[PDB]
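Take a look at this one chain, the form deposited in one PDB entry, written out in structure tokens.
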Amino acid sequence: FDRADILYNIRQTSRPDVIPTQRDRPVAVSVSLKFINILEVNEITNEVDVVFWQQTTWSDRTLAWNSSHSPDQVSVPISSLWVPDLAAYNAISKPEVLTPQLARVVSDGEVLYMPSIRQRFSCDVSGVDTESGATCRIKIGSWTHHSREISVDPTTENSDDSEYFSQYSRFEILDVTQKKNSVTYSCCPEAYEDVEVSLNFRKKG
């Protein structure tokens, strides 16, 4: 089994429009933002222009294949796989994906998609130029799937919150924390899980 045979199968059998749900069991999607840069801040308008890696992970067993005597991983175009319909609730602009829209698929059906995104948000900027700085919270979760179909969860809290952050940034990061939530909206019957990421940063002293 070669990469050609592997990609060819996934391409020929995959269905991007169908969520890899197993029974009433929701699809476990883990989200993790890794800030790469903070470009524009406006404390007057409370708007931020930031860059980050939307490190996403989930499992699709219909993509699994035996790799004992074959490659364990392959790069698959996002368009040939089903992908979480995630959305940043307080995004003020659409995502400007800066990187190739390819995902990584492991023979066991594990999918890893980590695109670099530049996007504007509406959040609390007050305190940016302070020692305690500002705390901009960004909430992102499925747009059409509720908790019974899709569930989002945070990840790796170890990793230095700014090991990927640009050093030439006009700003600096104090701390980053992610706490998942589960909300029921008057608009909508069922509950919608989402990961809230709090970006505590400040202008470089």
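Heads up, when I say rigid core I mean the largest set of C-alphas that superpose within 1.5 Å between the two forms. So that there is no doubt, residue numbering starts at 1 and follows the sequence shown.
The following text describes the form deposited in another entry, which does not appear among the structures shown.
Core-superposed comparison between the shown form and the other one: among 167, 144, 156, 68, the single residue whose C-alpha moves by 2 Å or more is 156.
Remark: with the core as the superposition reference, the CA shift of residue 181 between the shown form and the other one stays below 2 Å. With the core held fixed, the Cα of residue 190 is displaced between the shown form and the other one by 2 Å or more. Compared with the form shown here, the C-alpha atoms of residue 143 and residue 188 sit at least 3 Å farther apart in that other deposited form. Three angstroms is the minimum change: in that other deposited form, the CA atoms of residue 187 and residue 47 sit farther apart than in this structure, by 3 Å or more.
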